[PDB]
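Scroll down for the structure; my scribbles are underneath it.
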Amino acid sequence: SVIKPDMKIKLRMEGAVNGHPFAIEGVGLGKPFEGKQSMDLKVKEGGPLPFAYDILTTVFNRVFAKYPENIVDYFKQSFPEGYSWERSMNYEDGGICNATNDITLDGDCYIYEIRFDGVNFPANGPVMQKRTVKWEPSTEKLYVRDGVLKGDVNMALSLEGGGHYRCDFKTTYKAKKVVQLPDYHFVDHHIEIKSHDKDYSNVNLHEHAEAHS
């Protein structure tokens, strides 16, 4: 198998929020079979970012999810060729973010080509006012539709003044080659920013995920 116990990550995100462009690059590593990963992200263009960094984190690869033997693993099956995903993130106050990631593999390193575009975030909302604290752990629901895999998840950002800010994720996963399709299942997620500098020019991000049925 081309999927090894320890692998690397390299990525570049180009995007915009409310019409303002930025670019971020990252380098990381993870354990595909353990469903754990971490990475260091650096803002290359558009800094200091004028919006809450948290809207970007779930965009910075389900290959990093611990899949039990009794569940078909769409993602690990997609390599060496790889897969891509598309996602729309609908926030409760109307902010909408669309993102995509084309994932390839070079040796023991996954390569991500990411696009991120958010619009209509209210000027005095939690995202433009940087009042988000972190994402709560979640459970993604995955199901097949028209030969590809869909993943939906109810997400929530804890807020500075207390309370939560909701967002609904709708993701479409597409293997580059034909692979076996899985039956309905779930993936528990927990993403966390472990460290960052004042203006988030530098961020260390971690995530651990496990599938179940």
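So you can find residues: chains in the structure tokens are A, B, ... in the order shown, residues in each start at 1, and ligands are numbered from 1 in order.
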
Extract, using only C-alpha atoms, all DNA, RNA and protein residues at most 8 Å from stretch 57-71 of chain A, discarding same-chain residues fewer than 2 positions from it, and format them as a VMD selection string.
-> chain A and resid 11 30 to 37 53 to 55 73 75 to 76 99 to 101 103 114 182 to 183 185 187 191 205 208 to 213

Neighbours of residue A:81 within 12 Å (only C-alpha atoms; same-chain residues fewer than 4 positions away dropped), as a CSV table (one decimal) with C-alpha atoms, in the first residue's frame?
```
chain,number,residue,atom,x,y,z
A,2,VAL,CA,1.2,3.5,-0.8
A,3,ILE,CA,-0.4,4.6,2.5
A,75,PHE,CA,-10.0,7.9,0.9
A,76,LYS,CA,-7.1,5.5,1.4
A,77,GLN,CA,-8.4,3.7,-1.7
A,102,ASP,CA,-7.3,18.8,-5.1
A,103,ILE,CA,-5.1,16.3,-3.3
A,104,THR,CA,-2.2,14.5,-5.0
A,105,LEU,CA,0.6,12.4,-3.6
A,106,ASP,CA,4.4,12.7,-4.2
A,107,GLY,CA,6.4,10.1,-2.5
A,110,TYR,CA,0.3,14.7,0.2
A,111,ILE,CA,0.1,17.9,-1.9
A,174,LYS,CA,-14.5,12.6,-5.6
A,175,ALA,CA,-11.8,9.9,-6.1
A,176,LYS,CA,-9.8,10.4,-9.3
A,177,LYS,CA,-10.3,6.7,-10.1
A,178,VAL,CA,-13.1,4.3,-9.6
A,179,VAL,CA,-12.9,2.9,-6.1
```

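Comparing A:127, A:23, A:206, A:28 by their smallest distance to residue A:48, the closest is A:23 (using only C-alpha atoms).
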
Determine which residues of stretch 157-191 of chain A DSSP labels as strand (DSSP E) from the backbone of this structure, then write them out as a PyMOL selection string.
-> chain A and resi 157-159+164-175+185-191

Please produce a file of the residues just selected, as an mmCIF file, in the first residue's frame, where the atoms kept are C-alpha atoms.
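Result saved to result.cif:
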```cif
data_model
loop_
_atom_site.group_PDB
_atom_site.id
_atom_site.type_symbol
_atom_site.label_atom_id
_atom_site.label_comp_id
_atom_site.auth_asym_id
_atom_site.auth_seq_id
_atom_site.Cartn_x
_atom_site.Cartn_y
_atom_site.Cartn_z
ATOM 1 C CA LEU A 157 -17.819 27.741 16.832
ATOM 2 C CA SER A 158 -17.603 28.645 20.493
ATOM 3 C CA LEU A 159 -17.801 32.440 20.898
ATOM 4 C CA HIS A 164 -22.176 29.280 19.889
ATOM 5 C CA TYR A 165 -22.185 30.267 16.212
ATOM 6 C CA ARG A 166 -23.517 27.554 13.889
ATOM 7 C CA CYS A 167 -22.423 26.492 10.423
ATOM 8 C CA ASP A 168 -23.611 23.644 8.199
ATOM 9 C CA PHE A 169 -21.030 21.841 6.052
ATOM 10 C CA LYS A 170 -21.898 20.051 2.812
ATOM 11 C CA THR A 171 -18.928 18.301 1.206
ATOM 12 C CA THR A 172 -18.633 16.249 -1.988
ATOM 13 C CA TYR A 173 -15.641 13.858 -2.211
ATOM 14 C CA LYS A 174 -14.480 12.611 -5.612
ATOM 15 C CA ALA A 175 -11.830 9.927 -6.079
ATOM 16 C CA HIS A 185 -21.156 5.863 8.178
ATOM 17 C CA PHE A 186 -19.779 8.540 10.485
ATOM 18 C CA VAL A 187 -16.523 10.324 11.202
ATOM 19 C CA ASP A 188 -15.908 12.014 14.554
ATOM 20 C CA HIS A 189 -13.660 15.064 14.273
ATOM 21 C CA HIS A 190 -11.841 17.376 16.633
ATOM 22 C CA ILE A 191 -9.793 20.202 15.167
#
```

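Of the residues under consideration (A:27, A:202, A:194, A:84), A:84 shows the shortest atom-to-atom contact distance to residue A:149 when counting only C-alpha atoms.
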
Long-range neighbours of residue A:96 as a PyMOL selection string, 9 Å cut-off, only C-alpha atoms, 4 positions minimum in chain = chain A and resi 88-91+117-121

Take atom CA of residue A:13 and atom CA of residue A:112 and report the distance between them in Å, one decimal.
-> 8.1 Å

Contacts of residue A:45 at 9 Å (only C-alpha atoms; same-chain gap of 5+ positions) as a PyMOL selection string | chain A and resi 14+21-24

Okay, now the selection with C-alpha atoms, as a PDB file, in the first residue's frame?
```pdb
ATOM      1  CA  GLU A  14      -5.400  30.933  -2.320  1.00  0.00           C
ATOM      2  CA  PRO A  21      -7.536  38.184  -1.264  1.00  0.00           C
ATOM      3  CA  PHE A  22      -4.946  36.225   0.692  1.00  0.00           C
ATOM      4  CA  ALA A  23      -2.699  33.177   0.400  1.00  0.00           C
ATOM      5  CA  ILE A  24      -1.431  30.705   2.967  1.00  0.00           C
TER       6      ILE A  24
END
```

As a ChimeraX atom specification, please: all residues of stretch 50-180 of chain A that backbone DSSP puts in alpha helix (DSSP H).
-> /A:54-57,74-77
